[PDB]
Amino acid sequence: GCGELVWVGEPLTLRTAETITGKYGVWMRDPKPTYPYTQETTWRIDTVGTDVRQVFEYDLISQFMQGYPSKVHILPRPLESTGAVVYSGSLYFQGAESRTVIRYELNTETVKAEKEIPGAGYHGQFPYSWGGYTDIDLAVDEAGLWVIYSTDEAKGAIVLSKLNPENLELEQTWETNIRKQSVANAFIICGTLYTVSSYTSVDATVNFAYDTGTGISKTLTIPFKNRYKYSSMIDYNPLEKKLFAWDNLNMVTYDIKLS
């Protein structure tokens, strides 16, 4: 049931980090879970610092919300920023100090593919407005895997590319007119890229949309609340049809409605 985004609900806090290491981070579930994982499996990465390698894995939502991890993976190279996703059994993440996306197969703890995103800025060239080296933002939607970035040729405007999830080849690319550094974060729903206006305001908005199917850009005024005033990560999960976000120590989720 696809459609245009028309409403975002209030943020619900599912877990709060207890140390500064989790001031920012990414948490996620797999919209295409494969054995041995399920739709309840949750991953959490606290991303403050310069040697981020620990990925916390929880078999059950109850464990994610109240307990210790059921497994900790140690990535073979340090991860950059909050943009990572899980899709069809693999963590897709950006190597620190690089424009390289890595496919890390979770069950086998193996790197299956690596790809430089052609021309992408990295390490503070085209971050979102809060900084945090957020130059490269992976996304999953109803159609699969994407990457959101910018290039010098695009003059810092958001570029988005569909990715082959097996080998990380770029399949198609679109260029928006939205300055990446001017928005707080972005995500894709049903092939439309949406941006959030502010990472600090309790009265922010989903403020722009770009539809990859029609090429049309629009403004929007949909309310979006940063309850804790520092949102470092905002992604969409197409299986749950919810936003997942990280706001100033807090792992939160938002319900949505589509037309």
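Numbering starts at 1 and follows the sequence shown.
Looking at mean Cα B-factors across 76-84 and 112-120, the upper value is held by 112-120.
Stretches 169-177 and 96-104 differ in mean C-alpha B factor, with the higher average recorded for 169-177. Highest CA B-factor among the listed residues (65, 28, 190, 55): 190. Ranking 134, 90, 182, 151 by Cα temperature factor from the entry places 151 first. Compared with the other modelled residues of the chain, the Cα B-factor recorded for residue 232 ranks in the lowest third.
Ranked by Cα temperature factor within the chain, residue 202 sits in the highest third according to the deposited record.
In the PDB entry, a CA B factor belonging to the lowest third of its chain's modelled residues is recorded for residue 46. Ranked by C-alpha B-factor against the other modelled residues of its chain, residue 2 falls in the highest third.
When the CA B factors of the chain's modelled residues are split into thirds, the value for residue 60 lands in the middle one.
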